[PDB]
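Heads up, the chain shows up twice below as structure tokens, two forms, tagged structure 1 and structure 2.
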Structure 1
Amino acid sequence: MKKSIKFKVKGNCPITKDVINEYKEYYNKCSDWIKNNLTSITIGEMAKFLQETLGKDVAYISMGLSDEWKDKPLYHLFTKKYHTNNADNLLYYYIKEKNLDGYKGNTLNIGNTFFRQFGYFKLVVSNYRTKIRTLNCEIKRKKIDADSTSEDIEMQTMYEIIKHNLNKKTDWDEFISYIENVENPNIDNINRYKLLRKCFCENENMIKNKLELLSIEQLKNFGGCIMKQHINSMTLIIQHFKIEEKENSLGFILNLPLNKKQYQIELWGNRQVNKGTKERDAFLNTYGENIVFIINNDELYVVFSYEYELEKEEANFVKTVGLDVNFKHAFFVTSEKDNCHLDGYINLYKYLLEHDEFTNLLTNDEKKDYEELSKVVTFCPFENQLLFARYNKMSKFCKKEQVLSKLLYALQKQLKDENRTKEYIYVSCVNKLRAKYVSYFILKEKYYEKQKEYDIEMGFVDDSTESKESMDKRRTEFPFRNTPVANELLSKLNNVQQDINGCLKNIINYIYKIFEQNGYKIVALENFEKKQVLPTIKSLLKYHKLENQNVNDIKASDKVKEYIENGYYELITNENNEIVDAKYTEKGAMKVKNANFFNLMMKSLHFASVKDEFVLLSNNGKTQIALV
């Protein structure tokens, strides 16, 4: 289907950040009006006004005065049962005839058709569509029993209606036939919807009225669609623009209709659309009408779209393999037994076991676990327990981590020497992934420390915390996000996350290409033990009630007793030898860090996007990914 390619402009282009800011301001004004009138005006009033003030006989007014829409609320313009172009034209010409979004023109004098009607307004409408089309009135799924209340009958009714947009009586029958005509249908499941189809006929007025009342209910707490302040992107639809190859070059020139003249924007070339390739001809033959101007690191990029589908060359089925996700010793664990059958596979656990320096530090249990993994096809020896030794310098695994790192980097040097590029990049990315995750943890912890220090030195005082209007104004005037300190830390975090994402992509590509280049025709990615952080001191005092309680006899939940028996909390006593404050000892303050270190790699290494990367690699590869 559709595809994208991004180009970088070469030289100085009139499209600056001010053009994009103007675009976004118009977007937000239009969205503000649309939000504030989602129910205050009906479609018939709009169509009647357009008929009166212009007197035109067009379908977008004949479709706004018919019996269906002449009195329904404006938000039905955004639903899938109303013609798209009629909704667009009716809404746009209403807004244009009344100057609702305040359009006073644009800086570059780009044609209003490409900037306003098929630009920011087009995005506003396409955005308000997804809000209302996914709009799931408050509802859940429950098993329908014979002795179930009227709500249970009605909830599963409307729940399936939303999932299938069925309105007429006949459409209910069609969904009943949807599964029955399919081989081996579930008899009980379809009857569950047949019963509600029967219920649909009894009191349809109550059903439709309640569904629309709920829809109106979920459209007054909606604050509208908002384009953020960090976007730096504008989209223009232009029917007639020209993209041309340069003369004696690899780049392109974009001829953009701009102030009634053709402005030429020079673009660099991509090795992605490169000279003499089929993708180049496809791009230059079938490119779409949407142009996206985006600024990234103070550089202007231009995104075009086109149609290109490659011809998948199949291969004979050989094997199917299961990939499992783990978090303890290695990320990727296979069900195969490593017999050196795989070509281009380096077994790093089996390599770490051939060094006396490493296994001499191992116990009998640890050595047994490592030998278990060495016989298994595994990838990415991310060892979370040893990795924390780089942060905690007093960890009992501090020397194991050093030997692991030294041996892994020695293997990296050896692979670089022997010109084994694929395995070399794999090992480099593994090492860099470990280092970069330690860096990300350090940066995130510094972010937390800096936020805490800023919000304690700021000293918020709230007269009433029940609602925003009663709290301190500096909560919103001067956040920590707007402090210079945060932007530096957030930029560093973004850079580290970028490196982490790249290294994980490299490892995933390595795994996929080993299994592809060995005959495996499916890699069935077989589809989370959060360590618990010690309860905080404020939780220890104001929540677990360890304040003014006797130190000798502590009335608390047994988990707190076990934590106190460990040297985690140091308690500060008073004249009565009872607790008035507490702190973290070294042991507890580092237990908290260990728990955070283990939990953050769950949410930072994108382990719920691994399947996505394998799918994308299967979009152009000899292997397929079967979800388990």
Structure 2
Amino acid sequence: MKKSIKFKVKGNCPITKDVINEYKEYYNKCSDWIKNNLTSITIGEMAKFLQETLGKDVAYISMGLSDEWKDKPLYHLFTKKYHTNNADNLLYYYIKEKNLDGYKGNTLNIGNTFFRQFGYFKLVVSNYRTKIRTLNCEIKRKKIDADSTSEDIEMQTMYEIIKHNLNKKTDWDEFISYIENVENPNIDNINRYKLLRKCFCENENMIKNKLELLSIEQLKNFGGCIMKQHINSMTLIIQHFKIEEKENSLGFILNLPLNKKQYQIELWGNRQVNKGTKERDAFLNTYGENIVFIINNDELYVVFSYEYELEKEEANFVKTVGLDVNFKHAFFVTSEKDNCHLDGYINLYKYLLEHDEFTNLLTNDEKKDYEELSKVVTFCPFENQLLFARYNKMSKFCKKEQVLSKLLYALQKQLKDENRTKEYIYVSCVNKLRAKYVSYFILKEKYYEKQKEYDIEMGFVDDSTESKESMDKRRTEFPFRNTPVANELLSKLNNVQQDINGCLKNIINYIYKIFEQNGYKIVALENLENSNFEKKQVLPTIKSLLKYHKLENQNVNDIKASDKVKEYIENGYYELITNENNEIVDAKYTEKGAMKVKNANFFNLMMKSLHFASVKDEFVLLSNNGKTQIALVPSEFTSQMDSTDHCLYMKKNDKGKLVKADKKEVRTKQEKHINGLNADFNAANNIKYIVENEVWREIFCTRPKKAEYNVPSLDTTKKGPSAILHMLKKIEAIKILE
């Protein structure tokens, strides 16, 4: 397979930001024409024009006037059945004969072949291929009543196939049995899905054809592929260029055709391609025609590609370990009791408990929970509530955060003194990660505050909704992103997130090398794909407490609102500024309510900024060269199933039916599972079981294929609670709860 190496240009280069901007504008004009004619023009018309004017007996004109494509619209060139080069040539020479992109050359006089046809136009065509070949549909949900039109119900069945992935009839049968068979079902939700399931069977193929028709019909409203204003990149493909080792140096030289002559661009050396290594030999003998110019941080970089041989190892199944990912007490918990057998490993929870100062702050049960976690093999102590004590100064966890931080930094300095580099790097990165997330949160909140200030200041008066044109033009003419305030905040946020990513990579590398050193052949992980959880608790804001809640002119003495609104009013969250007649004119977030809003934002943003569903990607990248491999398992009911029986907990019903027990019934406390273990130790030991048992490995995990770059040795196709729950029942992996 082909890899990449970046190089930094050492001197001055003709490639400036203006050249790249001109390239980008040419991209935009070409894509604008393509989007304006994606269905209006036919392939046969373009081919006929070329044959009549230029008059060539070439294959790209013969295939365009063939009967397969003579009548079809322009977007069929981007489908995977049409010949790639033939479609490129037909489109390019039609646009060129017509001058449809307004091309008048370029500033550096770069060879028009290497700049226009095989540069921006080639990227445009390759982008429009991705759009067409993965064409989707956009349907807005709607509640269907008992007496509703056929068109409304027909659309909603297509909607449910799009979102919930209901292809086969078994997909519907599992989904209904997942929704139905649970304590306290929602009758309204089941009625809609049953109606749509009935409709799906009667028009199943018509649904699959109307989906395609609607996708093609929506392509008219497509805005086209647009090269963003923040790109600062340019790709040229040149068949004949040269890369030579610079004599008496560790650098390289790029000989490039620039305005009918040869230009030389000097490149800094790269430790990925060193003089005595085999990677320099592979790079220098197998590089490709791809050349990238990118301006990152006001500096020019050059990218290339080259071939390489991958010797990634196969799975072994001799010693496996699971791993759950959490946020409340530990970042990573394995499925292995710590018994002073792993080498290079240090227990930070078994370090915290050795100090009397920390345990004295612990209540009797909390102390037992920490002593519970300290026997497992854990990593990177993250404390969601203790960390928020840094921002919320009037908190109840403040003294615990101070002691935790002090002990952690003392351990860091001690490890630095004793020359234990891997452990020292790990501890320092844990400290820095905890510190940097708070900075990220502060910067995000400031961004929100400044945006609100700017919007209220502008005072956008718009005539009507439902259309952008009716609204004030200033709302599009002067958006908040343009002002200088927004740019500094985003720069600071990007820097903080970069630090976070680096620290996380260091921690994961530590974990992987610990597992690799002792002879663990496979590491199993959850298949995490979403981390954008909804903000499940947002207090009714000032606008929403007076408009949607209709509390604007009600009575404080007699509040005609919801029970939850009564709960909120009873506590001091709000400041109702009533008038002389006890009519509310304004409402203000008090200190308690504002702090609650900040807390909700803090925990919601923690899921994303720490890249919850991307640590398996780091483990895969480390598994590309290492001896330990990676297995991805479905992340359903792993923190809801017994690790000592490998069974689910299902209770009876009022009708005597076995249904699914609530997730909060097998989980009394968030740290304990009813089986008498730690839930993270339970969840990680569930994860290991799929790999451990040959039966479950074949049932849930895909067959081991050839080793590939960024590919787990074991992966999963099934995605969804209904899919996993259905398979769990069929193998009798179920026990009856009390």
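Throughout, residue numbering runs from 1 along the sequence of structure 1. We call the rigid core whatever largest set of C-alpha positions still superposes within 1.5 Å between the two forms.
With the two forms aligned on the rigid core, which of the residues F317, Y409, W268, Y448 moves its CA by 2 Å or more between structure 1 and structure 2?
The residue that shifts is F317.
For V560, decide whether the Cα shift between structure 1 and structure 2 is 2 Å or greater, given a superposition on the rigid core.
Yes, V560 moves 2 Å or more.
Taking the rigid core as the reference frame, tell me whether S215 has a CA displacement of 2 angstroms or more between structure 1 and structure 2.
Yes, its C-alpha moves 2 Å or more.
After the core is overlaid between structure 1 and structure 2, has the C-alpha of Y159 moved by 2 angstroms or more?
Yes; that C-alpha moves by at least 2 Å between structure 1 and structure 2.
Could the core-superposed CA displacement of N181 between structure 1 and structure 2 be given in angstrom, to one decimal?
On core superposition, this C-alpha lies 34.9 Å from its counterpart.
Fit the two forms on their core, then tell me the C-alpha shift of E578 between structure 1 and structure 2 in angstrom.
Superposing on the rigid core gives a C-alpha shift of 3.6 Å for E578.
After lining up the core, report the Cα displacement of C340 between structure 1 and structure 2 in Å, one decimal place.
Taking the core as reference, the C-alpha of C340 is shifted 1.3 Å.
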